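Here you get one chain, nothing else, as structure tokens; it is the form deposited in one PDB entry.
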């Protein structure tokens, strides 16, 4: 049947590097679902990272065993503190966190054994905030994993509420849901597909309410359509901007005065997701 979507333009606004208080950004975090660490490195992802020059780089879907890291990661001197979590298994899921400065503490998982076996979460505590990066479980073809995803969602929200009770929290990564209709090009056709089910959208709303957390991009750009971070490799989707916003920076409300900008690096190639970048004046 005929596809209804042609190209929809989206030009990410210029980087706002000053907070509403006037304070210059001091922290630049980039998050990227890389669709396989080795594949992404061959597609020059590290060249892009070096130009972006973030203080912290969070990666999802590394698909790479913690004992099989590419040597090309050794040539990242500005991101020398590198932490990885991969399934306890090989070649799927997996996250990484690479940092210019050394975190006070690094932890893996959410403290719930059922949910900690698939290499999905790294927690890096710094002086003024705690950073979590996550690759949230996909609801699956035919929604066969939606029940598990709902259990994950509840355990993850409870875990994050606990962290944020002690230190301001930044959550980033691939949360595997487009929260609202503005967050994907085809809401009408996807309400029964992974990433846009009512259960997943409600889970995201529950996450924002319960921790609580604010969606940094949507806070700054509440009415901006066509801003996506993922496009299927098939069906010419990226060229038409038939996409989904699956990648987020969620922030404790106390960090909103420090929020300078939340960017979507639409033009950066190397995966079926693009990078997102957060500027904070901490």
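Residue numbers count along the first chain shown, from 1. Between two forms, the rigid core is defined as the largest C-alpha subset superposing within 1.5 Å.
Across the other PDB entries of this protein whose models span the neighbouring residues, residue 89 goes unmodelled in a third or more. According to the PDB entry, the deposited sequence contains 1 to 3 residues between residue 88 and residue 89 that lack coordinates. The mean C-alpha temperature factor is higher for 45 to 53 when 45 to 53 and 246 to 254 are set side by side. For the pair 60 to 68 and 26 to 34, the mean Cα B-factor is higher in 60 to 68. Per the PDB record, 127 has a higher Cα B-factor than any other of 180, 174, 153, 127. Highest CA B-factor among 266, 21, 271, 262, as stated in the entry: 21. Looking at the C-alpha B-factors along this chain, the one for residue 214 belongs to the middle third. Sorting the modelled residues of the chain by their CA temperature factor places residue 93 in the middle third. Among the modelled residues of its chain, residue 195 has a C-alpha B-factor that falls in the middle third, as given in the PDB entry. In the deposited entry, the Cα temperature factor of residue 229 places it in the lowest third of its chain's modelled residues. In this PDB entry, the Cα temperature factor of residue 208 sits in the middle third of its chain's modelled residues.
Omitted here: the form deposited in another entry. The next part is about that form.
The one residue among 154, 112, 125, 181 whose Cα position changes by 2 Å or more between the shown form and the other one, with the core held fixed by superposition, is 112. Inter-residue distance, residue 116 to residue 245 (Cα): increased by at least 3 Å in the other form versus the depicted form.
The gap between the Cα atoms of residue 157 and residue 114 is larger in the other form, by no less than 3 Å, than in this form.
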